[PDB]
Amino acid sequence: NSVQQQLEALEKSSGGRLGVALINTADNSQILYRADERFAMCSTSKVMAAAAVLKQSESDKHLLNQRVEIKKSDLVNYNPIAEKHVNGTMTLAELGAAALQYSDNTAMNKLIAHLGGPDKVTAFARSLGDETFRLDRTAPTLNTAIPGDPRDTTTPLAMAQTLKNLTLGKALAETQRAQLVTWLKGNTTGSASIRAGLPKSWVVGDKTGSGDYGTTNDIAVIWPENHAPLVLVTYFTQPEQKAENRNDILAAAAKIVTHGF
């Protein structure tokens, strides 16, 4: 079976809907599956918010060290880092790190608030040439992932293109690009997702996201030992609201599309 046939078969076995976009930067070739269809991003959107703050920091050398007050009322669930800092402060850099490496929802919300609201994250994506991305809500409501709801969605291809631009390409200044990459490489939440489908020694940066409708996502940049980087988006969503999440599906998809590389 071809790679396309393998992906179709994976989706057929899955009980849902699979979206894959792999960009092989060796030759700009792609492996696309439902790559122009919309999926709820869930916490994969945290990358865009952090990157928008990194962009601002290009022109404000004091921004990343700016203090942000954390209060009990800022806690919204799934905030493992921000809860440690209630009554104290975190810097914008520390909020970026927490949002990306621990998927901290309070950290995401502080980034969004700093920028001026979800629409400002959309405008940043647009500024990178991403015609698809939209952020509409804060956390945790950005995870409702209702089938056919356009809020807080993108397509696998748009997200792969933008992730490539962000991490390997022209979106950010060099220090800020490097900072984003450092953050993604240090992610703690992705062991069982794309990473589990790859050779164990490949270097990987990723951001996961999960939500209702069993929506289970991961976006990654992958550095093989002897080959140019790969950029991979694996999105997955299910028809029933209380479906379990399925990171095993993402690992399986990653294994299919990175075979040979």
Side-chain angles (χ1 to χ4, degrees), residues 2-7 10 18-37 39 41 44-48 50-52 54-55 58 96 100-101 124-133 154-187 189-191 193-209 217-236 249-261:
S2 70
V3 171
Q4 282 295 326
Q5 287 172 319
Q6 293 168 231
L7 291 174
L10 175 59
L18 177 65
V20 177
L22 180 146
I23 301 169
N24 190 338
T25 73
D27 60 1
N28 316 320
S29 66
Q30 301 177 340
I31 300 170
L32 304 181
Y33 190 88
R34 301 195 188 282
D36 292 314
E37 299 188 16
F39 294 77
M41 290 180 285
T44 71
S45 65
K46 293 175 178 149
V47 173
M48 200 71 70
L54 289 172
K55 174 58 63 182
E58 288 183 25
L100 297 195
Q101 300 188 328
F124 172 68
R126 292 284 178 279
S127 83
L128 303 186
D130 191 317
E131 296 176 82
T132 306
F133 177 102
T154 196
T155 68
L157 178 59
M159 187 63 107
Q161 294 170 328
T162 301
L163 187 62
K164 172 175 166 283
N165 281 326
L166 283 169
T167 61
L168 297 164
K170 62 189 160 54
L172 298 172
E174 175 59 31
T175 301
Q176 279 75 3
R177 189 204 60 79
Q179 179 62 267
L180 180 59
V181 166
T182 297
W183 284 335
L184 293 167
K185 285 179 176 180
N187 182 33
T189 68
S191 184
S193 302
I194 287 169
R195 286 164 190 265
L198 303 178
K200 286 166 184 167
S201 54
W202 282 4
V203 171
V204 177
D206 83 295
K207 179 75 196 78
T208 53
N217 295 337
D218 198 15
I219 72 177
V221 184
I222 301 161
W223 291 260
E225 175 57 29
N226 304 117
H227 290 91
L230 311 173
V231 179
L232 177 57
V233 171
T234 57
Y235 284 173
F236 182 69
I249 292 303
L250 308 186
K255 190 173 182 177
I256 288 161
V257 300
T258 63
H259 184 82
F261 302 137

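Computed over heavy atoms, backbone and side chain alike; hydrogens, waters and symmetry mates excluded. Residue indices begin at 1 and follow the sequence shown.
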Chemist: State, with a plain yes or no, whether a side-chain heavy atom of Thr155 is found less than 4.5 Å away from one of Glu37.
Modeler: no
Chemist: Check whether any side-chain heavy atom of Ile31 sits under 4.5 Å from a side-chain heavy atom of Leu7, and report yes or no.
Modeler: yes
Chemist: So how far is it from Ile222 CD1 to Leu22 CG, rounded to the nearest 0.5 Å?
Modeler: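 So the gap between those two atoms works out to 6.5 Å.
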Chemist: Evaluate the side-chain proximity of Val20 to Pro156: yes if any heavy-atom separation is below 4.5 Å, no if none is.
Modeler: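 Not in contact.
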Chemist: Restricting to non-hydrogen atoms, name the atom on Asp218 and the atom on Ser193 that form the minimum distance, rounded to 0.1 Å.
Modeler: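 That would be OD2-CB, 3.3 Å.
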Chemist: Contact between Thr44 and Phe39 at the side-chain level, heavy atoms closer than 4.5 Å - yes or no?
Modeler: no
Chemist: Looking at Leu32, is its backbone amide N or carbonyl O close enough to the side chain of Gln4 to form a donor-acceptor pair, meaning the two atoms are under 3.5 Å apart?
Modeler: yes
Chemist: Main chain of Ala173, side chain of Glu58: is a donor-acceptor contact present, judged purely on distance under 3.5 Å?
Modeler: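 Yes.
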Chemist: Would you sort out whether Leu18 and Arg34 count as a side chain to side chain contact (heavy atoms under 4.5 Å, CB included), showing the intermediate values?
Modeler: CA-CA 7 Å; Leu18 177 65; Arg34 301 195 188 282; over 6 Å; no
Chemist: Does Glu131 CD have over 12 foreign heavy atoms under 6.0 Å away?
Modeler: no
Chemist: Counting C-beta onward and ignoring hydrogens, is there a side-chain heavy-atom pair between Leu54 and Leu172 closer than 4.5 Å?
Modeler: yes
Chemist: For atom NZ of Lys55, is the number of surrounding heavy atoms from other residues, nucleotides or ligands below 6.0 Å larger than 12?
Modeler: yes
Chemist: Does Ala228 offer a backbone N or O that forms a donor-acceptor pair with the side chain of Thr25 under 3.5 Å?
Modeler: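 Here the side-chain-to-backbone pair does not exist.
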Chemist: Without hydrogens or angle criteria, can the side chains of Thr189 and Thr208 be said to hold a donor-acceptor pair below 3.5 Å?
Modeler: yes
Chemist: What pair of heavy atoms forms the shortest contact from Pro224 to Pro229, and how long is it?
Modeler: CD-CA, 4.1 Å
Chemist: Output yes when a side-chain donor or acceptor of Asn217 lies under 3.5 Å from a complementary backbone atom of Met41, and no otherwise.
Modeler: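 Checking the backbone N and O of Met41 against the side chain of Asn217, a donor-acceptor pair under 3.5 Å is found.
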Chemist: To the nearest 0.5 angstrom, please state how far the CZ atom of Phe261 sits from the CG atom of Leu232.
Modeler: 10.5 Å
Chemist: So, does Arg126 use its side chain to make a donor-acceptor pair with the main chain of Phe133 at under 3.5 Å?
Modeler: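 Checked: pair present.
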Chemist: So, for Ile194 and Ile219, which heavy atoms are closest and what is the spacing to 0.1 Å?
Modeler: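 The answer is CD1-N, 4.3 Å.
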Chemist: Is any side-chain heavy atom of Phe236 closer than 4.5 Å to one of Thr234?
Modeler: no
Chemist: Give the minimum heavy-atom separation between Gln101 and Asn187, together with the two atoms involved.
Modeler: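 In terms of heavy atoms, the two residues are closest at O-OD1, 3.2 Å.
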Chemist: Quick one: does NZ or CZ of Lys185 land under 6.0 Å from the six-membered ring centre of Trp223, within 45 degrees of the ring axis?
Modeler: yes
Chemist: Between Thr154 and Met159, which heavy-atom pair has the shortest distance, and what is it?
Modeler: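 It is CG2-CB, 3.8 Å.
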Chemist: Under 4.5 Å between any side-chain heavy atoms of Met48 and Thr162, yes or no?
Modeler: yes
Chemist: If you count the non-hydrogen atoms of other residues, nucleotides and ligands that lie under 6.0 Å from CD in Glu174, is the total more than 12?
Modeler: yes
Chemist: Starting at CG of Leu163, measure out to CG of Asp206 and round the result to the nearest 0.5 Å.
Modeler: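 The distance works out to 9.5 Å.
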Chemist: Calculate, to the nearest 0.5 Å, the distance between atoms CG and CD belonging to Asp130 and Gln161 respectively.
Modeler: 7.5 Å
Chemist: Using every non-hydrogen atom in the two residues, find where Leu10 and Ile249 come nearest and quote the distance to one decimal.
Modeler: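 Nearest pair, atom of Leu10 first, then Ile249: CD2-O, 4.1 Å.
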Chemist: Flag the pair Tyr33 / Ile256 as yes when at least one side-chain heavy-atom distance between them is below 4.5 Å, and no otherwise.
Modeler: no
